[PDB]
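Given next are two forms of a protein chain, the same chain in both, each as structure tokens and marked structure 1 or structure 2.
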Structure 1
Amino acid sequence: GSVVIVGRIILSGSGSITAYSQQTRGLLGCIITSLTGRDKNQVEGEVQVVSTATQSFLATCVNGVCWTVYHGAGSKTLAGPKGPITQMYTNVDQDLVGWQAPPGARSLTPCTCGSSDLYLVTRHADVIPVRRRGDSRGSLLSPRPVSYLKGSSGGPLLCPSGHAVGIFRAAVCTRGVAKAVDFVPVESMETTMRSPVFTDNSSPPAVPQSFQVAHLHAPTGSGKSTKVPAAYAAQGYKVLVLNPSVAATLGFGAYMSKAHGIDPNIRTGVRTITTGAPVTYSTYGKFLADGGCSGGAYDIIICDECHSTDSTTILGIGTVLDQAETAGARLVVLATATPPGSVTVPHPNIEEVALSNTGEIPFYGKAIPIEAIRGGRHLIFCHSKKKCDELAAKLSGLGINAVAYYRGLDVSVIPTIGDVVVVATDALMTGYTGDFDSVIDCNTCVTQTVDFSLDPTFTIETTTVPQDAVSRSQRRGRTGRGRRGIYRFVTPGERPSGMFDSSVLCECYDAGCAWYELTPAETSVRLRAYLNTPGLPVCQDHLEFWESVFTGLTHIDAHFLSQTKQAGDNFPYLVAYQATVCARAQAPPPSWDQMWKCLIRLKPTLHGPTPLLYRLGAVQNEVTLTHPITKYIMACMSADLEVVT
């Protein structure tokens, strides 16, 4: 649904800068209006209070455009008189979007006077003094809990003259206490306005004279992973294609000989072939395992499915971007059907049909009619492996040839031909072509988030949430590949695309330490290359923080670590490190969940409270919070952390 103006902040004209709020619609009008996308209300002033169904924040008009933050508004339309107003500008790199100001809105005039005394207008219509520190930073004169600033994203920072310097996007905190603010400067709005609104990256980049990074954006099934590298090779170039998917990589190996007359090298855990062809497909993981870029090996490196924000992909792409030019590559291509800021749009091959409550098979609050999957080939996405197992069993019991597939199973369990219903997690979301007549989508997924909970340190949490627009379009894209297909779904919405959580950064340091022999400093170099590259998914810059954390986790127990690596569960390094600290203290793990099995053999010798370093799951045992490592991580958390408001 649409973002909706629900009120305004009225700014003083004369003298000291003051503000007050006017509210213009309640909840009922908000929702109704969010749907029709038709808002008949007269808009006034320059600072609007805007609301989605779930969140509320600000928007500031400058130069005839109503500006706000991407992290708040996504790519959403703004409700307007004639109906929904699509964003004119969507700049994910700058966390900035804009709609053409509706009639009645007035614009603030840009501040061009280099005044460093600033005033931030909050959603509560407070005006708080801020000292400008940099192009996009200013310190607060009196610090405040972040909770106070929450909902003031999009609000103006003003000069003493009432001219706008930029809009508020983020707080810089010390353990939950905001001490500085980060803003999108008015000049970024200016740059945006004199740049193309349309960027059709649908053609393969030309191979440049000197090193360049370029983007390739075209719909699922169009040929990005197959036709494009084959055409580069046919022109005499050596090409490495990196994909996050084992299943897809193996698929290219079987497909490319007959499809494009090229029998590529293949590099994965279960299958490494050297044919000597000028095309190589590898996973990001295997690429990392082999040590990254080899000097002079490739002309073109394709970072394929670069919408993937699993830690292996992030670290893999950062490695390419840090090493490619030195390694003699002429071109890095960042290829994806669903770039940051994209929304799901109609696919020419794909008919979409909502599930209803009618059907024999209960599916995420709706139902699947048995006749929809009785014959033919179908892929059904479930959010968890457990649901996959359960659904597969149910269907099998109904005489349907069903097979579950997810992380830790072998690709071979999927039959390549004949009738089948594959019930999968996002292990099959990206890259893969399984010849499916249809996809059925639960529209939910699992995600991890870090919370700086100070209890004593941080928490990594797992929750199931609505899918974003990358997931919806990629899951949908598993059908309609070279032919017609069907997409059935439970719910119609999607979260905005192109953002990922700080926990993934934590995951990258972990993997660098556990699997790829990278010092934390080495990982930072690779991740910094990723973050410095425009057009990729974005994340809060917590590199210094995470580096400091892992840098202090020295002398892990090699035995426990090999075990956590072997069992293949999340944060093998953080888990083995907590276990290490436990063992050396003869103390029990936080709980006796499966997470802590590397410790089971010591169970009768472990007593008293757990020296808790951080929280990776439920903690059932008593804890003590004064282990030297705990104190070190607490100290790490004293550094500035930028968090969104």
Structure 2
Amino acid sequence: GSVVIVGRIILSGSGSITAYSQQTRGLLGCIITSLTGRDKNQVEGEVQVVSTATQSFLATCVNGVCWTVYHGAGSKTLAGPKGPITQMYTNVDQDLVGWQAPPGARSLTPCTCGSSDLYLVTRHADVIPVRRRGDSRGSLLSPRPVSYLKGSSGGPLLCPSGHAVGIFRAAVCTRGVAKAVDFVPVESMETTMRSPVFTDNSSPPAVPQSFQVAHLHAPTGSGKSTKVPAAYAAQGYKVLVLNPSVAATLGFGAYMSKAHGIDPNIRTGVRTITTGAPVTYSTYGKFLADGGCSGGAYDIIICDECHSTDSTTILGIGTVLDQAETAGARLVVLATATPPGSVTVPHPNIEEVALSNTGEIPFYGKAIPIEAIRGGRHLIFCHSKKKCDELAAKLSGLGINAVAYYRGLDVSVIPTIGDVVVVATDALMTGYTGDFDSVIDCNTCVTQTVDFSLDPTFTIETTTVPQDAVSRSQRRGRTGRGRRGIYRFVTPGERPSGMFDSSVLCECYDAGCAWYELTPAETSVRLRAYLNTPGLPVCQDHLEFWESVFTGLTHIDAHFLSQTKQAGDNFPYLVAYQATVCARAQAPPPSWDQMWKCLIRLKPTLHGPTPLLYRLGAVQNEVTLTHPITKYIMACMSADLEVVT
């Protein structure tokens, strides 16, 4: 749908800055106008109240452009007098997007006075005194609970003359109290306007004289991971190709031999092949296990699927960006078909068809007609292992050759020949190469998020959410490959691509400690390189916070760590560390859930309240907050934590 203007904040003419708001659209009008992208309302003022399906925030007009945050608006069109207006500017790096200001909209003029006395206008038309501190930061004269600032992103910071200094994007909090604000300065809007809206990164970058990082944006099947490195190799270059998937990485061996007559080296956890060829395929995980960049080994490093936001890819790419030049490379290529900000466009091979309530097989509130999947080879994406098992058991009950696939299972359970309805989670994508006659997509994803809940410390929460544009493109892309495909779906939308949660940063530190023998300080250097690099997925900068937390987690019980590592579940280090503190305190775990199985051996001996460090799931036992590590982590919580409102 489109972003919709549903009100405005009117600013005063002069003398003491004041504001009041007007609501011009209800809920029904917002939903309708969002669906059609056609809004015939007349626009007034320089600050608009805008809304999506589920969220409401602000947009500020400067220099004929209506500006807001990428994290709120994504890549969405704005509903306009003659239909949806396509974004004219999209700067994920700066968390900034802009549409051509509709007629009737007035702009603020960029500030030039250099005043540091600023005034933030909130979505409730409050005018809040702010003292400028940096190019992008200002302190609140009166700290306020972060909830006071909710929905105010996109709102203007004004100088005393009423000129635009920037737009609000996030609150800097101390234990949930906003003491400062982070904003996108006007200078950043200027820079965005005068960058060329069309940068072509569709051709393989040329190897430069001195080190550069370049982007390669090319459609799936265009040969980013095969044709491109083989071309480079032909020119005499040594090339390393990094990819998140073991199945994909192995697959490159055979394909390169027959397609380009190169027998590349192959590096994965499960299998290493050294031929001495000038092209090497590695997973990010194996690259990290190997210690990163070996000096002099490569001229070119291609980070394939560089849009991926799993911790391994992020930490691996950060390692490349920090180490490549010193290891002698001249070119780092960040390769993807779907860079941040990208949206899913129609595909000629793929017919897209909404599911209805007609059909014999219930599926996420809708239904799948049996004739749609009886005969042929089909893939159905579910959000969870349980739903896969269920659906597969049911389809099997109707004599449908159905198999469930997900993490844990071996790919051999999928027959590479003959009819079959595969019911899988996203684990399919990294574990199995191959396409289908149709894809049916629940359009949701299970994701992890951090909450700085202070009860006592933080919580890592798992929730089911609407899929983003990368998820949609990749699930859909399992059909229509050199064949006419069909894509069936529950919902038509897609969340904005190219952002990830702070919890993923937590995962990186965890992996560094657990698998890769990285001190938290070293993990930070790598993640800092990632964060400093334009054109990649973006995340709140909580590096100093997470580093501080892991830095305090000393003398882990090597035995428990071995067990969580082997067991293969999330946060092996944090889980092993809580188990360690428990055992040394001679106390029980937060629960006897499976997450804590490494403790069973001690079950009869462990008693009293849990010295809880943080929340990684439900806590059923009683809790004590007396442990020194709990107190240390609680102390870490007082750090500036920038969060979106």
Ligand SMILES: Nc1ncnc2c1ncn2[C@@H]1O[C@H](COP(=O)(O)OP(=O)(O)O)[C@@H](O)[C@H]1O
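Residues are numbered by position in structure 1's sequence, first residue being 1. Only the largest set of C-alpha atoms that superpose within 1.5 Å between the two forms is called the rigid core.
Of the two forms shown, structure 1 is the one deposited with the ligand bound, while structure 2 is not. Just one of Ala170, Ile373, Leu240, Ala73 moves its Cα by 2 Å or more between the two structures on a rigid core overlay, and this residue is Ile373. Taking the rigid core as fixed, one finds a CA shift for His124 smaller than 2 Å between the two structures. Remark: with the core as the superposition reference, the CA shift of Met189 between the two structures stays below 2 Å. With a cut-off of 2 Å and the rigid core superposed, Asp501 has a Cα displacement that falls short of the cut-off between the two structures. The rigid core superposition between the two structures gives a CA shift for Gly477 of 2.3 Å. Superposing the two forms on their core, we find that the Cα atom of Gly431 is displaced by 9.9 Å between the two structures. Core-based alignment between the two structures gives a C-alpha movement of 4.4 Å at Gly399.
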